[PDB]
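Q: Below is the structure I would like to discuss, written out as structure tokens.
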2 protein chains.
Amino acid sequence: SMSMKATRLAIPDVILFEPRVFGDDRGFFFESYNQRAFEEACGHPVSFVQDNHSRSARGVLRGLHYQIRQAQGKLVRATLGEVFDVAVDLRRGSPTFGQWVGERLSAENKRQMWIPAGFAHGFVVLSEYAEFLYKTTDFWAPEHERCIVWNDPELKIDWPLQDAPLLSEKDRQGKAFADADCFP
Amino acid sequence: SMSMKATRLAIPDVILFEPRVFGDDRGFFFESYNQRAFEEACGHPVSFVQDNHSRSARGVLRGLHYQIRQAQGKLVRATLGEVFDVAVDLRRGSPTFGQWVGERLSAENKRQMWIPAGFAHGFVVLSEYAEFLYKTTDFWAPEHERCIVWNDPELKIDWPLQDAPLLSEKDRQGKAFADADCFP
Ligand SMILES: Cc1cn([C@H]2C[C@H](O)[C@@H](COP(=O)(O)OP(=O)(O)O[C@H]3O[C@@H](C)C(=O)[C@@H](O)[C@H]3O)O2)c(=O)[nH]c1=O
Ligand SMILES: Cc1cn([C@H]2C[C@H](O)[C@@H](COP(=O)(O)OP(=O)(O)O[C@H]3O[C@@H](C)C(=O)[C@@H](O)[C@H]3O)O2)c(=O)[nH]c1=O
């Protein structure tokens with residue numbers, strides 16, 4: 001009896017989870033998600049309808065993404081390698097509007113971040129490759145997808161990069177925070 | 001055009017899924033699960049409440065597992081390495097009671113097996129290591145867990161294994177199919 005750990009971040013609706021891992025002669029086992037435990041920690045019901053999996057090379061940066069309608073809460077983790085994962089509060093009425101939190105998530109540390117609807121999300125790959133898995137509370141709606149550019153000068157996100165990031169065209173063309181659609 | 005594929009196996013309630021993978025110069029993206037797409041293929045609504053993650057060395061065999069109350073449907077895949085994954089029908093009244101189907105699931109082939117409640121499940125690891133992920137329709141209930149021994153001589157599972165498998169103590173002590181608690 002050790003157990004799952006949940007820790008609210010500086011933007012308290014963002015939660016850092018750490019599973020309890022059971023090792024034995026075969027390798028290991030852990031629960032990567034448990035609805036009862038998760039809901040207890042969050043303080044409200046959450047339902048996931050899609051799971052996504054990406055593989056990215058060192059220096060790849062994906063984000064900052066959100067859906068302005070059909071907004072998605074995201075529970076994210078790394079199953080290979082290491083990333084720095086960032087959540088940006090885009091709720092206009094929030095006292096932390098325009099602030100961000102970031103944590104290193106890796107296959108080894110098994111940490112996860114819960115990033116509710118109303119946030120933008122992104123990550124950068126620190127390892128040779130990283131595989132990133134996340135669960136979403138609503139479906140992909142490309143018509144509603146929005147992007148804020150990684151290096152926005154108002155957000156001032158400290159990405160641990162040693163070189164220019166490798167971006168998709170969509171992400172390279174992200175809007176400035178000042179011009180971005182935000183949530184109430 | 002390409003999209004997710006679903007194929008019913010010889011025991012038709014067991015479904016083999018293969019996601020559509022989008023490659024680009026960052027790596028790839030795929031939806032590992034989509035509730036709409038899944039429910040359409042299966043023909044009935046589903047709710048998953050727990051996700052499990054295990055890591056196992058070559059020759060590790062886990063199974064054959066089921067819960068006789070709080071029975072779990074399982075949607076399983078490999079995110080590292082390769083396994084041979086087996087589903088055994090333990091519904092006494094089923095036309096396929098005592099039959100099994102098996103498929104190789106790997107990180108590279110991205111194949112998944114949907115194994116309904118009423119089945120036993122196991123896998124053997126073919127690669128140096130494998131990481132095996134699965135979603136379950138009900139919670140872990142150790143009081144209700146049962147195991148049938150991997151090499152039961154009535155099931156006659158053709159495990160593509162050269163040498164003796166590495167088993168947990170529990171799995172070494174699995175019951176004979178002839179003596180096992182089964183579902184109606
Ligand atoms: C996001 C997504 C993409 N796709 C397809 C569209 C395209 O062909 C390919 C790649 O899409 P993208 O370039 O938009 O994928 P990507 O840049 O990996 O987008 C993701 O980034 C992380 C950080 C998030 O927060 C996610 O919500 C999502 O925005 O996958 C889906 O089929 N379903 C999905 O849910
Ligand atoms: C199955 C399970 C185990 N545990 C703990 C108990 C124990 O300390 C550790 C390892 O348990 P086991 O040895 O029973 O794990 P394992 O032998 O990997 O069991 C699994 O095998 C595959 C084939 C399946 O079908 C799964 O549903 C499950 O039965 O993990 C959980 O916390 N939650 C769970 O859901």
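Every chain in the structure tokens takes a letter, A first, then B, and so on in the order presented; its residues are numbered from 1, and the ligands are numbered from 1 following the presented order.
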Mind running a least-squares superposition of chain B onto chain A over all the C-alpha atoms, in order, and reading off the RMSD?

A: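 After superposition, the RMSD is 0.3 Å.
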
Q: Can you tell me, as a ChimeraX atom specification, what residues are no more than 12 Å from residue 156 (chain A) when counting only C-alpha atoms, ignoring any on the same chain fewer than 6 positions away?

A: /A:86,88,98-101,148-150,176-177

Q: Could you make a table, as CSV, of the residues of chain A that have an atom within 6 Å of an atom of ligand 2, each with its nearest atom pair and distance in Å to one decimal, counting only C-alpha atoms and all ligand atoms, in chain and number order?

A:
```
residue,atom,partner,partner_atom_place_in_ligand_line,distance
A:22,CA,ligand 2,8 (O),5.3
A:29,CA,ligand 2,30 (O),5.2
A:31,CA,ligand 2,33 (N),5.8
```

Q: Hey, can you spit out that residue selection with N, CA and C atoms as a PDB file, in the first residue's frame?

A:
```pdb
ATOM      1  N   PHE A  22       3.448  -1.355  -9.798  1.00  0.00           N
ATOM      2  CA  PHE A  22       3.734  -2.635  -9.152  1.00  0.00           C
ATOM      3  C   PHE A  22       4.738  -3.411  -9.980  1.00  0.00           C
ATOM      4  N   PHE A  29       3.272  -3.563 -13.703  1.00  0.00           N
ATOM      5  CA  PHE A  29       1.887  -3.281 -13.990  1.00  0.00           C
ATOM      6  C   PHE A  29       1.506  -1.983 -13.292  1.00  0.00           C
ATOM      7  N   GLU A  31      -2.183   0.904 -13.256  1.00  0.00           N
ATOM      8  CA  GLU A  31      -3.394   1.500 -13.799  1.00  0.00           C
ATOM      9  C   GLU A  31      -3.050   2.891 -14.288  1.00  0.00           C
TER      10      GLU A  31
END
```

Q: Could I get the residues of chain A with an atom no further than 10 Å from an atom of chain B, each paired with its nearest atom pair and that distance in Å to one decimal, using only C-alpha atoms, sorted by chain and residue number, as a tab-separated table?

A:
```
residue	atom	partner	partner_atom	distance
A:21	CA	B:54	CA	9.4
A:22	CA	B:54	CA	9.3
A:23	CA	B:55	CA	9.2
A:24	CA	B:168	CA	8.6
A:25	CA	B:168	CA	7.9
A:26	CA	B:56	CA	5.3
A:27	CA	B:56	CA	4.8
A:28	CA	B:55	CA	5.2
A:29	CA	B:54	CA	4.3
A:30	CA	B:53	CA	5.4
A:31	CA	B:52	CA	4.4
A:32	CA	B:52	CA	5.4
A:33	CA	B:51	CA	4.9
A:34	CA	B:50	CA	4.5
A:35	CA	B:49	CA	5.2
A:36	CA	B:49	CA	7.9
A:37	CA	B:50	CA	9.7
A:38	CA	B:50	CA	10.0
A:47	CA	B:49	CA	9.0
A:48	CA	B:48	CA	8.6
A:49	CA	B:35	CA	5.2
A:50	CA	B:34	CA	4.5
A:51	CA	B:33	CA	4.8
A:52	CA	B:31	CA	4.4
A:53	CA	B:30	CA	5.4
A:54	CA	B:29	CA	4.3
A:55	CA	B:27	CA	5.0
A:56	CA	B:27	CA	4.7
A:57	CA	B:26	CA	6.0
A:58	CA	B:26	CA	9.0
A:59	CA	B:26	CA	9.2
A:60	CA	B:26	CA	6.3
A:61	CA	B:26	CA	8.8
A:62	CA	B:26	CA	9.2
A:79	CA	B:79	CA	8.1
A:80	CA	B:80	CA	8.9
A:129	CA	B:27	CA	8.9
A:130	CA	B:27	CA	9.5
A:131	CA	B:79	CA	9.3
A:132	CA	B:29	CA	9.4
A:133	CA	B:32	CA	8.8
A:134	CA	B:32	CA	9.5
A:135	CA	B:33	CA	8.9
A:136	CA	B:34	CA	9.7
A:138	CA	B:34	CA	9.8
A:139	CA	B:34	CA	7.9
A:140	CA	B:34	CA	9.6
A:166	CA	B:26	CA	7.2
A:167	CA	B:26	CA	7.6
A:168	CA	B:26	CA	7.5
```

Q: Return the single residue from A:184, A:19, A:153, A:116 that is closest to ligand 1, with distances computed using only C-alpha atoms and all ligand atoms.

A: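 Closest candidate: A:116.
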
Q: Go through B:114, B:9, B:64, B:20 and flag the residue nearest ligand 1, using only C-alpha atoms and all ligand atoms for the distances.

A: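 Using only C-alpha atoms and all ligand atoms, the shortest distance to ligand 1 belongs to B:20.
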